[PDB]
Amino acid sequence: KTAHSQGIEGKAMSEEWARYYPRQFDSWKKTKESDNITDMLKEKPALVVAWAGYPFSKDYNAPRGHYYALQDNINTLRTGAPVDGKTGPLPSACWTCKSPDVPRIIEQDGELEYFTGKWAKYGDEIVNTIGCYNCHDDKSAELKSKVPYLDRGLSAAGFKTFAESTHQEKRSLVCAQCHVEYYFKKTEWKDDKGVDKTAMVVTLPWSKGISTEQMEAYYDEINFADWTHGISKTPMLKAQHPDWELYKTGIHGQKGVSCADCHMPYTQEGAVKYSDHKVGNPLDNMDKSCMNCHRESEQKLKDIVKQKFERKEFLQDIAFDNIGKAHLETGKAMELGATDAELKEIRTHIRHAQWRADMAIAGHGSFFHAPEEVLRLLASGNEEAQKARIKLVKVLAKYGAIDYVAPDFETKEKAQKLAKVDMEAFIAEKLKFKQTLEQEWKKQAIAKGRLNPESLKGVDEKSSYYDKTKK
């Protein structure tokens, strides 16, 4: 048994686990070191056009350390500027994979209640970032999935549940609680008090399997759409970090190598085995992350990964360039009077093209985890985009614009203009939120004992729209 077999008071706060596991706590906190903010819309402006009419066209950055998950959830322009617990663009489900306070609240008020309401609803309750309680039982310290939607998805896919899985599998599944693709399923229900409520439940689109094509069929079957494209008015599907799903198609995943083997490698100290909890880039610690199974120079292994990235980049830019043009050309055809009937097939091609290409790039490590599937998907996506563009030429020709040239979107600025994203306004509004409601959230949480100020050190120095500079 552990030294805390009856549970841990204040378990949601990882600092509460330090007295029992100083080592794991210490390395866990070091994800603070990965504080770089890479503005993906600036790096890949084509993404702005792809996501026109959706929050991702406003703000989308690459992932950084777990230490910043909660704060980035707050800082992203995607969550907007609520004025209270009933305002704001997004729902409560946006907290789900950002805090150990999530299972705390789900365990206290129930799944449906948690998934009911605005994101702003839990502003002063969900204040801790990715912590011990998100992956560990506070009595036995064993690995555990704290979110019901995962087992729900695993079952539907014909997979064993978390409890039924092997230890090695659990070393990847704890990650799968968050590092997976999902959608919000509008769900009606009634509380014990009789009140009728509507919940937005996190659901893994795995009922037909975990391949991109199976998920596609899944979404088409229920005629689902995450949003109607702001430019082409196409029923779009958004892919979100399907890290685990893609990893499963890769050679490492097929061989049984877990996420932890590379991202949380062991360190033996005579009888005692320690897992590095500083979840980050394995390439920074190759001796422990790779050389334990590979017998090759670190530079060569690094060069190989670099090659894979270049390959992915090559196909990514091609696919999203044609996808972008397709959206714009469809928008042009619409302007000339083309009917929905004339654009139906084209829009279906665009929907599938982007779903496949987004699934390929949404998982930032997929280019390495499953290179072959990433390349094939980008190629498949590009083909659907081009099929749409060949048909678009004919629609444009019918309306006298066969020589139309879709505008360029090589910079985030130009792309956001086409996507009609008023950045200055969103940023101004966001800052007001942060300077008022956010600080009130933090002050109240600290007063109630839900948040420890120590955890806020250097947590809010950067975002895509501001950089106070240092550490």
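Think of the rigid core as the biggest set of C-alphas that the two forms share within 1.5 Å after superposition. The numbering used is simple: start at 1 and walk along the sequence shown.
Between stretches 91-99 and 262-270, greater average Cα displacement in 5 other deposited structures of this protein relative to the shown form, fitted by the core, falls on 262-270.
Comparing 272-280 with 212-220 by root mean square Cα distance to the shown form in 5 other deposited structures of this protein, with the rigid core used for the fit, gives 272-280 as the more displaced stretch. The mean Cα B-factor in the deposited entry runs higher for 200-208 than for the other of 200-208 and 69-77.
Averaged over their C-alpha atoms, the temperature factors of 355-363 and 216-224 are higher for 216-224. Of the candidates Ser232, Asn382, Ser289, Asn128, the PDB record gives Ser289 the highest C-alpha temperature factor. The entry assigns its greatest Cα B factor, within the set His349, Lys160, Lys325, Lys98, to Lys160. Among all modelled residues in its chain, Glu424 ranks in the highest third by Cα B-factor.
Compared with the other modelled residues of the chain, the Cα B-factor recorded for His241 ranks in the lowest third. When the modelled residues of the chain are ordered by their C-alpha B factor, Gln435 lands in the highest third.
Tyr133 sits in the lowest third of its chain by CA B factor, as recorded in the PDB entry. In the PDB entry, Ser258 places in the middle third of its chain by CA B-factor.
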